[PDB]
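Some notes on the structure that comes next.
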Amino acid sequence: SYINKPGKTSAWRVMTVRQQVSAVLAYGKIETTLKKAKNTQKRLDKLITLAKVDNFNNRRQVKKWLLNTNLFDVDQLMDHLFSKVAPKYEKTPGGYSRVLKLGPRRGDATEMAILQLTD
Amino acid sequence: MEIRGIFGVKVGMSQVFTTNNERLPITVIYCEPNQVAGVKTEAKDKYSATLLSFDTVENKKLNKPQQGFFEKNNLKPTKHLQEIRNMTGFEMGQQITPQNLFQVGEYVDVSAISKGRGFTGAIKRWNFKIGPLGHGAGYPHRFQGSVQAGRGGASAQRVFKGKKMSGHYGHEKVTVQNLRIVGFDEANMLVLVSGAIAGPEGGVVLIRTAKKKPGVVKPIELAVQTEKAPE
Amino acid sequence: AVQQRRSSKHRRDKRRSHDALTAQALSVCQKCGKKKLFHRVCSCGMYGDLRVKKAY
Amino acid sequence: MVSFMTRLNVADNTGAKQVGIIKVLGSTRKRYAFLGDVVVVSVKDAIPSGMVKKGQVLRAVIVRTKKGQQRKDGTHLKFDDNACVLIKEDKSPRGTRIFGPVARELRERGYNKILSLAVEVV
Amino acid sequence: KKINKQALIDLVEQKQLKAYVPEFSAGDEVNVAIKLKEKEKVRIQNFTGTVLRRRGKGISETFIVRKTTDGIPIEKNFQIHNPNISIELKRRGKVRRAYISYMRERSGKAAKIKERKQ
RNA sequence: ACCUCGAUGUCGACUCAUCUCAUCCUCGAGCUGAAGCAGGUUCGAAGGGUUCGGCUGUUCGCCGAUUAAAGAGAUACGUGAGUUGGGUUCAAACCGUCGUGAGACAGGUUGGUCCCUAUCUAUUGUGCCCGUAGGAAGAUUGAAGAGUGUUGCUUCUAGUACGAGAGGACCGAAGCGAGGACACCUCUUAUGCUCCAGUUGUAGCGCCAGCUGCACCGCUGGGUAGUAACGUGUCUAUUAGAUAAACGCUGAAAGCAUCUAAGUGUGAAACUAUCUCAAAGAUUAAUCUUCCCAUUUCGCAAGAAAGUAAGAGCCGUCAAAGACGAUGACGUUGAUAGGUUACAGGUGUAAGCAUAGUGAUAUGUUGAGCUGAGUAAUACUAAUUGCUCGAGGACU
RNA sequence: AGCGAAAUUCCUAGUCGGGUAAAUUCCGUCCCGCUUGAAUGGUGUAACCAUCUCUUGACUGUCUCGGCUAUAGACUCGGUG
RNA sequence: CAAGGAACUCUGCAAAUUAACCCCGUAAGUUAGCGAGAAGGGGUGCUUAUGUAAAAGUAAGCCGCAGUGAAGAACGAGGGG
Ligand SMILES: [K+]
Ligand SMILES: [Mg+2]
Ligand SMILES: [Mg+2]
Ligand SMILES: [Mg+2]
Ligand SMILES: [Mg+2]
Ligand SMILES: [Mg+2]
Ligand SMILES: [Mg+2]
Ligand SMILES: [Mg+2]
Ligand SMILES: [Mg+2]
Ligand SMILES: [Mg+2]
Ligand SMILES: [Mg+2]
Ligand SMILES: [Mg+2]
Ligand SMILES: [Mg+2]
Ligand SMILES: [Mg+2]
Ligand SMILES: [Mg+2]
Ligand SMILES: [Mg+2]
Ligand SMILES: [Mg+2]
Ligand SMILES: [Mg+2]
Ligand SMILES: [Mg+2]
Ligand SMILES: [Mg+2]
Ligand SMILES: [Mg+2]
Ligand SMILES: [Mg+2]
Ligand SMILES: [Mg+2]
Ligand SMILES: [Mg+2]
Ligand SMILES: [Mg+2]
Ligand SMILES: [Mg+2]
Ligand SMILES: [Mg+2]
Ligand SMILES: [Mg+2]
Ligand SMILES: [Mg+2]
Ligand SMILES: [Mg+2]
Ligand SMILES: [Mg+2]
Ligand SMILES: [Mg+2]
Ligand SMILES: [Mg+2]
Ligand SMILES: [Mg+2]
Ligand SMILES: [Mg+2]
Ligand SMILES: [Mg+2]
Ligand SMILES: [Mg+2]
Ligand SMILES: [Mg+2]
Ligand SMILES: [Mg+2]
Ligand SMILES: [Mg+2]
Ligand SMILES: [Mg+2]
Ligand SMILES: [Mg+2]
Ligand SMILES: [Mg+2]
Ligand SMILES: [Mg+2]
Ligand SMILES: [Mg+2]
Ligand SMILES: [Mg+2]
Ligand SMILES: [Mg+2]
Ligand SMILES: [Mg+2]
Ligand SMILES: [Mg+2]
Ligand SMILES: [Mg+2]
Ligand SMILES: [Mg+2]
Ligand SMILES: [Mg+2]
Ligand SMILES: [Mg+2]
Ligand SMILES: [Mg+2]
Ligand SMILES: [Mg+2]
Ligand SMILES: [Mg+2]
Ligand SMILES: [Zn+2]
């Protein structure tokens, strides 16, 4: 069998994580598949804890992950993260995000999951 | 015969340098004090064995029948129970440690459950040969090997029982014999055994007297470093 | 390779004997009462005492 | 680990620049030859002023290996080229000198003449 | 009954570690004195050469020393915390990596490492 | 010329082998024109082993170098719903020869399509249901079985026994290996696609610097955990019983003799065990220990209505496990997973700043910064306050 | 005439020399050429060939000898079938 | 993909080496046209200065294991039908 689809490559996985984490930081909720939310959670928590010092080095580190969204750009998402979201989690020992399971999709029966910022 | 046995958990592998200038790889076994939970006699049972209890746990992590047995026998609650054949000479309810069982450098054998590997093919399982890769080839490259015994009514016409094909590999008991004990650590309750021990790090391990060399004890001593801090 | 003999209507059902379905475990929501499959957010977006999503 | 049909260099004065392995002497299906092993070889690149001629089948012992081997103390000896010296039935070297260093595994398997004629043993 | 496996392995390794264990980087020249034992006595054989790598954590700490005799380059892997072996750092050199593999490809005037390091 | 022409694919090679003994090696013995060493022949013995290459499609065969040995056969001259198509045997073309010719040759040469998703049975693994007569959780014995079994060199015995000499032992002991097998990752290597660093082109972040996408993971040098050998640990022993060939002791039939008829021995890698693994669906369904059942009424009792527990399952977090089941750990009375903290290992002095240089760049802060899985703590997040199944053991 | 064990040689793996540790293939030569041979042409020939055949340097997983990683399948779930 | 490098196989099938530009050098044979990109080698990055219409080049310095740093670029020799 040949002329197969490119597939879930490592680059595709990193880009998928980037898109979901940018969206979850912009809006605050993501309705995705459970196995994708359980992988985006790691990057979300890592970004939030590294964005707690607010130095230019930390901005350069985050910019390798953030992407442009509808509600914020790549530069205003930075201001939202470092001034609104991250300062809230200033003394929380990890676990800033929660993943909960919704019902199965009508056309896939796959388990959906909502990823949210735990207040 | 007079078989001595102890139970422990493998924690990892290291090396030690010894006198006579050898570098000996060793396996480290954390051996908790084992408690003799039962003794079964030849006359009353038709065989003789000793069943110990090890890997102690709190009472809330144990089922009702097992905790009832432990409280009836007046023993420390443990989640692991197993026996060794032909182990005699130990009173019920006595703590046993490998220091009282084996010597400094005697030969022992070790039994442990092998590391699980799952559904493996014929080549990885039975050390079979792989088919040719170049000069033209076919769909089956990692072929198991022709299972033909006889074609025709005057011959077998069937795959012989016990054939060598793909299947489950790993997670199976295996014993390695004639391993020399290297050192005892009373404070850390830590046994050093030469060679490699089967099983993943953290699994259960049974140390028994070697049936090939029951009384043989080959001397082994470590090396004392002569170095001195900077002059 | 193909069957040289036709499989009857009995071997077919014997193979299908293991094709039966299982009833998924269900529970009752603690704020509206409707049945939801266990360990999952209900229809009101109310999981336990936490408002997850806006009401349907 | 020198194997069947392996071209290697000769570290002695005998006129043989390139030598090819024929058999790993010692047993049936002996796969490899480590330091101190004896092999049967054929001279393939020689010189006019040499004791051996091109095409002769002779017996040699290996002294160096690129792969290398590990000793009991844990030291791993590793050279940068596979070398062998031509020996006689008595285990005596055919050449009058040995070029470069040789291993100590020779010492275990006799070969005292080879060690005494070497530049430095390792 | 929590078992810190790494700690127990460290204790077994400490039983036979050495006190000094002098330091050296990748590109360093050291003098290794092998205490070879014959039937009697010891013949201290020096293996001065250039280091190429130092890997390991404890009793399994090993380093690679490269030497050149009669134009033949020989590379030798020692264990740091091994008795009858003495290491004496001679020259400290500057390299930009931890495993300087190119030394087994570059030779002659191009196999000379500049001094100094940080 | 009995089966098959409404099709039984035919040589050789590769992979996997199994069986027989008319035995090539290893093991035991009798005779010898057997001094010793090395042989010859016969008897017993099938447990294991029985090499790599050059030429040829080759089987065969000759030759080279080893080995203890490079055994003889059968299994559709085993094996194409396992591989190949070199050979034979399609269409093309030529040479030699035959034919007036079209054409032909077990004469030669170049080239030339090898399909099938496995229903039953056989086999390798892994499950559900039920039975084992109350239920459940544990620990066992072992009827019937499976796996391995190869062997060399050196030293000593001992230059002793024997032998004019040359040469050169049986028996026994030790050390080191080759092949095969099991397990493991401390060491050496291979790999290590969300790790580190260097670096090219281009497009972006408005520009420099610094990053991101793409170019085989862009390329290159290393590399955590894991997976493996080329790596390192172990095994390939030993012993007992009954024996084959063979040798016996005591002994008659047959006053002698005689291994045999009674009685009593010796005796092989063969056999039965000792070694490893699995095993009570062994329905002939075994044994031991612990725990939980021991209601109110009506009538009908291995009867009803309700009514009584150990345990198990559904669901969730998982990996010492794993195709999916299953196995194993945990589910708030918790460290199961993620996150956080600290550390290990790996990479190799981060960005920024300051100095120096005209600049590329070097130096100091700086063994700095970064880090997928690794080690251990920490309920911060996810394992909810849920549902179902489940017991009085007939009588003899 | 030329060529000759040949795309031709049955006997034949013809003899000898070279190439290899070892060469039914290859190169040169020998000639009882069963049955070579001169326009169905004979013998040579520089260049060329997705032509055939043999030796060789570098090169490599073709192989000693197998091992690891990533995708798409296979495998599990939902839909068509 | 460590060591070996055709030991594999009917056959180096397939795979692997080389690959662009510039500067040296290039045999036997021949129909004198070729052989021939023969074979065999070296350099390529960045900065400063000199060079030019632009260059190319030249001199000095700097960094890396590696400088058409990634993509696209001929493997070769010998004998025979
Ligand atoms: K027919
Ligand atoms: Mg990419
Ligand atoms: Mg095909
Ligand atoms: Mg293929
Ligand atoms: Mg019949
Ligand atoms: Mg039959
Ligand atoms: Mg029906
Ligand atoms: Mg079904
Ligand atoms: Mg008839
Ligand atoms: Mg028939
Ligand atoms: Mg038919
Ligand atoms: Mg048919
Ligand atoms: Mg067929
Ligand atoms: Mg016989
Ligand atoms: Mg036996
Ligand atoms: Mg050849
Ligand atoms: Mg026949
Ligand atoms: Mg056949
Ligand atoms: Mg046959
Ligand atoms: Mg016939
Ligand atoms: Mg078949
Ligand atoms: Mg076939
Ligand atoms: Mg086929
Ligand atoms: Mg068939
Ligand atoms: Mg053909
Ligand atoms: Mg073909
Ligand atoms: Mg034709
Ligand atoms: Mg005619
Ligand atoms: Mg049975
Ligand atoms: Mg390690
Ligand atoms: Mg820039
Ligand atoms: Mg016996
Ligand atoms: Mg008598
Ligand atoms: Mg007997
Ligand atoms: Mg019945
Ligand atoms: Mg964890
Ligand atoms: Mg810096
Ligand atoms: Mg003539
Ligand atoms: Mg002539
Ligand atoms: Mg010919
Ligand atoms: Mg010849
Ligand atoms: Mg041919
Ligand atoms: Mg000729
Ligand atoms: Mg003619
Ligand atoms: Mg004519
Ligand atoms: Mg001609
Ligand atoms: Mg052509
Ligand atoms: Mg897919
Ligand atoms: Mg489906
Ligand atoms: Mg390789
Ligand atoms: Mg090489
Ligand atoms: Mg060949
Ligand atoms: Mg062959
Ligand atoms: Mg090709
Ligand atoms: Mg030419
Ligand atoms: Mg000619
Ligand atoms: Zn609700």
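Note on naming: chains are A, B, ... as they come in the structure tokens, residues start from 1 per chain, ligands start from 1 in the order shown.
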- Residue contacts of range 23-30 of chain H (12 Å, only C-alpha atoms (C1' of nucleotides)) excluding same-chain residues fewer than 4 positions away, as a ChimeraX atom specification: /G:45-47 /H:34-44,57,78
Neighbours of ligand 31 at 9 Å or closer, counting only C-alpha atoms (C1' of nucleotides) and all ligand atoms: which residues, as a PDB file with C-alpha atoms (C1' of nucleotides), in the first residue's frame?
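To be explicit, this is the file written out as result20.pdb:
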```
ATOM      1  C1'   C F 207      13.797  46.145  12.208  1.00  0.00           C
ATOM      2  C1'   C F 208      18.943  44.359  15.043  1.00  0.00           C
ATOM      3  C1'   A F 209      19.502  40.596  18.381  1.00  0.00           C
ATOM      4  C1'   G F 210      16.625  36.164  19.623  1.00  0.00           C
TER       5        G F 210
END
```
- Interface, chain A side, toward chain C (7 Å; only C-alpha atoms) as a PyMOL selection string: chain A and resi 101-103
- Could you report the residues within 10 Å of ligand 43, using only C-alpha atoms (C1' of nucleotides) and all ligand atoms, as number ranges by chain? G: 5-6, 26-29; H: 80
Put those residues in a file: C-alpha atoms (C1' of nucleotides), as a PDB file, in the first residue's frame.
```pdb
ATOM      1  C1'   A G   5      36.899 -26.561 -28.086  1.00  0.00           C
ATOM      2  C1'   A G   6      33.905 -20.763 -31.466  1.00  0.00           C
ATOM      3  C1'   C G  26      37.215 -15.983 -18.142  1.00  0.00           C
ATOM      4  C1'   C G  27      41.944 -14.789 -21.137  1.00  0.00           C
ATOM      5  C1'   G G  28      46.162 -16.986 -24.690  1.00  0.00           C
ATOM      6  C1'   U G  29      47.667 -21.311 -27.254  1.00  0.00           C
TER       7        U G  29
ATOM      8  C1'   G H  80      36.593 -10.631 -24.520  1.00  0.00           C
TER       9        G H  80
END
```
- Item | Surroundings of ligand 37 up to 9 Å, based on only C-alpha atoms (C1' of nucleotides) and all ligand atoms, as a list in words |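 The neighbouring residues of ligand 37 are, in order, residues 349, 350, 351, 352, 365, 366, 368 and 369 of chain F.
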Which protein, DNA or RNA residues have an atom within 9 Å of ligand 48, counting only C-alpha atoms (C1' of nucleotides) and all ligand atoms, as a PDB file with N, CA, C and O atoms (P, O5', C5', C4', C3', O3' and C1' of nucleotides), in the first residue's frame?
```pdb
ATOM      1  N   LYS A   5      -1.419   8.608   3.625  1.00  0.00           N
ATOM      2  CA  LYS A   5      -1.493   9.939   4.202  1.00  0.00           C
ATOM      3  C   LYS A   5      -0.246  10.232   5.035  1.00  0.00           C
ATOM      4  O   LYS A   5       0.395   9.314   5.553  1.00  0.00           O
ATOM      5  N   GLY A   7       0.209  11.481   8.071  1.00  0.00           N
ATOM      6  CA  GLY A   7       0.018  10.844   9.360  1.00  0.00           C
ATOM      7  C   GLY A   7       0.290  11.776  10.524  1.00  0.00           C
ATOM      8  O   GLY A   7       0.681  12.937  10.371  1.00  0.00           O
ATOM      9  N   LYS A   8       0.073  11.227  11.720  1.00  0.00           N
ATOM     10  CA  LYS A   8       0.258  11.955  12.974  1.00  0.00           C
ATOM     11  C   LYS A   8       1.752  12.052  13.294  1.00  0.00           C
ATOM     12  O   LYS A   8       2.273  11.427  14.219  1.00  0.00           O
TER      13      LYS A   8
ATOM     14  P     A G  72      -0.043   7.582  11.189  1.00  0.00           P
ATOM     15  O5'   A G  72      -0.565   6.726   9.955  1.00  0.00           O
ATOM     16  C5'   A G  72      -0.595   7.285   8.650  1.00  0.00           C
ATOM     17  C4'   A G  72      -0.738   6.220   7.595  1.00  0.00           C
ATOM     18  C3'   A G  72      -1.616   5.036   7.960  1.00  0.00           C
ATOM     19  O3'   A G  72      -2.998   5.312   7.810  1.00  0.00           O
ATOM     20  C1'   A G  72       0.398   4.259   7.008  1.00  0.00           C
ATOM     21  P     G G  73      -4.075   4.640   8.796  1.00  0.00           P
ATOM     22  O5'   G G  73      -4.499   3.294   8.058  1.00  0.00           O
ATOM     23  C5'   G G  73      -4.367   2.034   8.701  1.00  0.00           C
ATOM     24  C4'   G G  73      -3.801   0.997   7.765  1.00  0.00           C
ATOM     25  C3'   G G  73      -4.026  -0.455   8.151  1.00  0.00           C
ATOM     26  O3'   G G  73      -5.312  -0.930   7.788  1.00  0.00           O
ATOM     27  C1'   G G  73      -1.757  -0.148   7.614  1.00  0.00           C
TER      28        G G  73
END
```
